[PDB]
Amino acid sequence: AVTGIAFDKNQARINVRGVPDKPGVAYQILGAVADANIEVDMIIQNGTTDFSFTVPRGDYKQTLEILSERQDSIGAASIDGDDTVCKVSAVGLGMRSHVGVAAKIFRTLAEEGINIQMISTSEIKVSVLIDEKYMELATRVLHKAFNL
């Protein structure tokens, strides 16, 4: 089911707030980001809507400046971010089958009172964005929770 726990501090969250819910919006945000050729990892979305995504920590300032200038188009209420988050992953080949992973990791991080900001799942991995100060804790909590 779950064979390893990975973690990675090279993360920055970026938020685009209260953007009109029309087609083409997502593209506008990302396309801007992808022509500065910065990689983007997680993306999360939803008469308004909110668009959160992750950027390698080193691209935090540029991304905010790319969106600051394209805030005209897009037309967002606010643009903020967080460069003190990190990603922690439950990883294991042979997994999609086992269903209570999202739940279990939520449950276990909940006990330690550590807020999950974002989640993404797949056959191969399940990942959460949390504040960096929880990284070790979360890794250890989860590592325990899955018997190594």
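Start at 1 and count along the sequence shown; that's the residue number.
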(request) Between residue 46 and residue 47, determine how many residues of the deposited chain lack coordinates; answer none if the chain runs continuously, otherwise 1 to 3, 4 to 9, or 10 or more. (result) 4 to 9
(message) I need to verify one thing: averaged over C-alpha atoms only, is the B-factor higher for 48 to 56 or for 93 to 101?
(response) 93 to 101
(message) Taking only the Cα B-factors deposited for this chain, tell me whether residue 82 sits in the lowest, middle or highest third.
(response) lowest
(message) Split into thirds by Cα B-factor across the chain's modelled residues, where does residue 67 land: lowest, middle or highest?
(response) middle
(message) Splitting the chain's C-alpha B-factors into thirds, which one does residue 37 fall into?
(response) middle
(request) Would you check the entry's CA temperature factor for residue 19 and let me know if it's in the chain's lowest, middle or highest third? (result) middle
(message) Lowest, middle or highest third: which one holds residue 135 when the chain's residues are ordered by CA B-factor from the entry?
(response) highest
